[PDB]
Amino acid sequence: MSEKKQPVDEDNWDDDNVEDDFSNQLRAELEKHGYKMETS
Amino acid sequence: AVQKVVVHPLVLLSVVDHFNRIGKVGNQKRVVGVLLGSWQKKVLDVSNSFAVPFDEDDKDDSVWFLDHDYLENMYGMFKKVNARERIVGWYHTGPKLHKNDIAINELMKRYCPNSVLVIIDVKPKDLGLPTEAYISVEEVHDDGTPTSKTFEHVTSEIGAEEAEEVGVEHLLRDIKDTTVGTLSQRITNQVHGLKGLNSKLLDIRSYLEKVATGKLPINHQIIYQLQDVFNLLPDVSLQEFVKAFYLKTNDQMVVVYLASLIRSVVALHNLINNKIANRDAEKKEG
Amino acid sequence: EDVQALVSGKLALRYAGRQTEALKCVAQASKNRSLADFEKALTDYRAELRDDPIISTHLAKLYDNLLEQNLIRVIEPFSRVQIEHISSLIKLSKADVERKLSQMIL
Amino acid sequence: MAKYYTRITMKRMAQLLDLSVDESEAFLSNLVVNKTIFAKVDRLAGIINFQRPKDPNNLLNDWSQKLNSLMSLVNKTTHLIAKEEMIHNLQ
Amino acid sequence: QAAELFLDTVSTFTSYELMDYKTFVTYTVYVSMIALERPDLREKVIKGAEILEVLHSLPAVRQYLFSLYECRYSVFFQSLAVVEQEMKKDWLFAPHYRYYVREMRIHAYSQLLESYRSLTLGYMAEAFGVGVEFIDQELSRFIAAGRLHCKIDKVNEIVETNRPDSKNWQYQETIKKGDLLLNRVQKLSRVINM
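Respectively, the protein sequence lines represent chains A, B, C, D and E.
Per the numbering used here, the very first residue in the first sequence carries number 1; after that it's consecutive.
Per the numbering used here, the very first residue in the second sequence carries number 1001; after that it's consecutive.
Per the numbering used here, the very first residue in the third sequence carries number 2001; after that it's consecutive.
Per the numbering used here, the very first residue in the fourth sequence carries number 3001; after that it's consecutive.
Per the numbering used here, the very first residue in the fifth sequence carries number 4001; after that it's consecutive.
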């Protein structure tokens, strides 16, 4: 049985790629604080 | 007056063997007999029939001979065995209706004011029904006659009773439908419909060919009906019709999708059950 | 319709008067969803409607429900329309009816 | 006019009734809210529509009825054809 | 199912083992803001006598609910940020604390555009939160995801609305569930029979 192929070399809620897309730093500070500084 | 007529196989077999036994003697063309049956609402039922001596000459279509006393005494004799039956009409085995039919119908309208004529073909060659049903009526038009006697067609079908059904089932040993399902639902319905429609169009083709070259008795009711036919053809290039058609087809295919999925699951379950139950049988032999 | 039918009972008709007809006219005004009819009934029998200590408490909610019904029935009979016409028909301002319509849409 | 028309302007509707446009819409509004006739008036372009929206089922149902009538009348024609032919080529 | 099962505020909370009643009320309001819609948020969580009596002692949660319900979108963001900060460090909410937020924001966006038809993105600046570029980027990235059905034109800065039929949305779900089930059943089929 088997070959070992020598000659070559829910657990997470729900899996969607949107969750990992995020690169910002928390809406509280990166966005709301960042643009809620009175630039206007 | 009359909506539907139902014909039992018994009268068909009687017609066939009467034709055989009277045509074996000599070269006669048409034979005549009288039917027995029952009424209920607007539906007519035919049960049995008996023959009658009839003579007709090919020289002219105005000379013919029937027997009155034979019919009277034979009806009286069948009365003594079953009183439910009664005279309803007559039958003739001619391939097509003749000129004398009106005269005979008038002759034997005495015994039944609502006589119904039935034509049975003795050597059919197609899948259509062998029986045709007609009833007399008076028609009126513009000029020529206030009234004229004319036949009108009535829907006919072949029925069956329990004893007759078991008899014909015992007689039809060789031929029986292969499967009941999409097979009998498709071939027995669609292809035969195409056959019949093509035959009807061919016949009307033939009549239209007979006109404007040959005899040419231009008749106007046929023309009116032809205009009505050619005006009623729908149009399938309209955008809304196409959209509705696509919507309904897309709605329908999902159900077949689901059913196929269920069938696949059931098949996998059956395979698992058989394999598990059968792998535990080799070791019992030792 | 239930109160209109029930006021005609034998024990009910034994106790006739003018308060019962005031309630009957208020119910009749509320049946056909008419704000003007209810306002007229309130003004005509002010000595009985806005006089008891408990009826005036529920008058406001009854008025709100009646306004909803009136707006529904007056806006039903057609399609795309202006707001000036509907405000004129309902006899109100322009901002209040707009807020109410937005709330009904929500 | 609702039986024979399918879409009408408002001025002609008021003209045929010998009364003004506002009374025309007032007299049609109570009728349509009482569920006696069907009508949809858009008064930004002065248009009145008298025909209901069409469901996908109804179009195919009418198509099938037309097909049935075609088949029935084609069946009817042939018997009269044969009866007519019977009395001209008998001999 | 969590917000469905959390209708035991009146049917007793004697299970003081796991937590205290006030935390239970905060959890139930937090999940009720996700699961259910306006015609039920106005019937069960805003009309409950016991939940309102408890909420009267918690100004923050009451403000966070009324801001959403009374359509004060400006004050909504501060409460949303505070709540998400709170639940980031909280147990059994951390591993997906982001996802919850990503609903509420877009949810509010879907709760304003459904009444008008041609609202400009300029109004949203002072009505929803300062920053036209931020609103533009958020709207674009939510349009691209396929939800929040609307459209935006940038040459004149105008937002238009559309009403897609409820048959398209009810079709890709069928096709994707069918695909997943087919993959699973094929795997099952060829696990057996070597």
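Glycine included, C-beta positions come from ideal geometry on N, C-alpha and C.
Between residue i and chain D, is the shortest Cβ-Cβ distance under 8 Å, so that the two count as touching?
| i | result |
| --- | --- |
| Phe2038 (chain C) | no |
| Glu2048 (chain C) | no |
| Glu1056 (chain B) | no |
| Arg2033 (chain C) | no |
| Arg2073 (chain C) | yes |
| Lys1059 (chain B) | no |
| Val1242 (chain B) | no |
Identify the continuous alpha helix (DSSP H) that holds residue i and give its terminal residues.
| i | result |
| --- | --- |
| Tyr4069 (chain E) | 4059–4069 |
| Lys4167 (chain E) | Neither: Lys4167 (chain E) is in no alpha helix (DSSP H) and is coded neither H nor E. |
Is the Cβ of residue i closer than 8 Å to any Cβ of chain B?
| i | result |
| --- | --- |
| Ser3064 (chain D) | no |
| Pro3056 (chain D) | yes |
| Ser4189 (chain E) | yes |
| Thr3006 (chain D) | no |
| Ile4192 (chain E) | yes |
| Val4185 (chain E) | yes |
| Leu3090 (chain D) | yes |
| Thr3078 (chain D) | yes |
| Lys3083 (chain D) | yes |
| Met3086 (chain D) | yes |
Are the C-beta atoms of residue i and some chain E residue less than 8 Å apart?
| i | result |
| --- | --- |
| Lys1275 (chain B) | yes |
| residue 1979 (chain C) | The first residue shown for chain C is 2001 and the last is 2106, placing residue 1979 (chain C) beyond what the model contains. |
| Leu2106 (chain C) | yes |
| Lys32 (chain A) | yes |
| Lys36 (chain A) | yes |
| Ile1272 (chain B) | yes |
Taking Cβ-Cβ distances shorter than 8 Å, what residues in chain D pair up with residue i?
| i | result |
| --- | --- |
| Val2081 (chain C) | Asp3042, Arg3043, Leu3044 |
Residue i and residue j: beta carbons closer than 8 Å?
| i | j | result |
| --- | --- | --- |
| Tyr1207 (chain B) | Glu3085 (chain D) | yes |
| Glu4084 (chain E) | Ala28 (chain A) | yes |
| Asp1203 (chain B) | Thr3036 (chain D) | no |
| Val1006 (chain B) | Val1116 (chain B) | no |
| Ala2029 (chain C) | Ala2041 (chain C) | yes |
| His1008 (chain B) | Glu1209 (chain B) | no |
| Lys4151 (chain E) | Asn4162 (chain E) | yes |
| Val1015 (chain B) | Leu1044 (chain B) | no |
| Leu3044 (chain D) | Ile1222 (chain B) | no |
| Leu2066 (chain C) | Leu2035 (chain C) | yes |
| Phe1050 (chain B) | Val1034 (chain B) | yes |
| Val4101 (chain E) | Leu4068 (chain E) | no |
| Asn1048 (chain B) | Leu1036 (chain B) | yes |
| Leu2106 (chain C) | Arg4038 (chain E) | yes |
| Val3032 (chain D) | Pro2053 (chain C) | no |
| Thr3006 (chain D) | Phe3050 (chain D) | yes |
With burial defined as no fewer than 16 other Cβ atoms inside 10 Å of the residue's Cβ, what is the status of residue i: buried or exposed?
| i | result |
| --- | --- |
| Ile3048 (chain D) | buried |
| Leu4052 (chain E) | exposed |
| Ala4003 (chain E) | buried |
| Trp1090 (chain B) | buried |
| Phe22 (chain A) | exposed |
| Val8 (chain A) | exposed |
| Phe1230 (chain B) | exposed |
| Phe3027 (chain D) | exposed |
| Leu2049 (chain C) | buried |
| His4107 (chain E) | exposed |
| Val1256 (chain B) | exposed |
| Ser4166 (chain E) | exposed |
Any C-beta of chain C sitting closer than 8 Å to the C-beta of residue i?
| i | result |
| --- | --- |
| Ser3029 (chain D) | yes |
| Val3074 (chain D) | no |
| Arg4038 (chain E) | yes |
| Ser4074 (chain E) | no |
Taking Cβ-Cβ distances shorter than 7 Å, what residues in chain B pair up with residue i?
| i | result |
| --- | --- |
| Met3001 (chain D) | Those do not exist, as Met3001 (chain D) stays about 26 Å from chain B at its closest Cβ, beyond 7 Å. |
Using a C-beta to C-beta distance shorter than 7 Å, which residues of chain D count as neighbours of residue i?
| i | result |
| --- | --- |
| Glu2076 (chain C) | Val3033 |
| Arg2099 (chain C) | Chain D residues near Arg2099 (chain C): none, gap ~23 Å exceeds 7 Å. |
Following the continuous beta strand (DSSP E) through residue i, name the residue where it begins and the one where it ends.
| i | result |
| --- | --- |
| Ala1133 (chain B) | 1131–1139 |
| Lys2031 (chain C) | First-last for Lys2031 (chain C): 2019–2031, but that is the alpha helix (DSSP H), not the beta strand (DSSP E). |
| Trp4091 (chain E) | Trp4091 (chain E) -> no beta strand (DSSP E), and no H or E assigned at all. |
| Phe2038 (chain C) | Taken as a continuous stretch (DSSP letters only), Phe2038 (chain C) belongs to no beta strand (DSSP E), being part of the alpha helix (DSSP H) at 2035–2044. |
Looking at chain A, is there any beta carbon in it that lies within less than 8 Å of the beta carbon of residue i?
| i | result |
| --- | --- |
| residue 4195 (chain E) | The first residue shown for chain E is 4001 and the last is 4194, placing residue 4195 (chain E) beyond what the model contains. |
Please list, in chain order, the chain E residues whose beta carbon lies closer than 7 Å to that of residue i.
| i | result |
| --- | --- |
| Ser40 (chain A) | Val4130 |
In chain E, which residues lie with their C-beta within 8 Å of the C-beta of residue i?
| i | result |
| --- | --- |
| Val1265 (chain B) | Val4185 |
Show which residues of chain A have a CB atom less than 8 Å away from the CB atom of residue i.
| i | result |
| --- | --- |
| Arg4098 (chain E) | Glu19, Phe22 |
In chain D, what lies closer than 9 Å to residue i by C-beta?
| i | result |
| --- | --- |
| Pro1217 (chain B) | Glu3084, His3088 |
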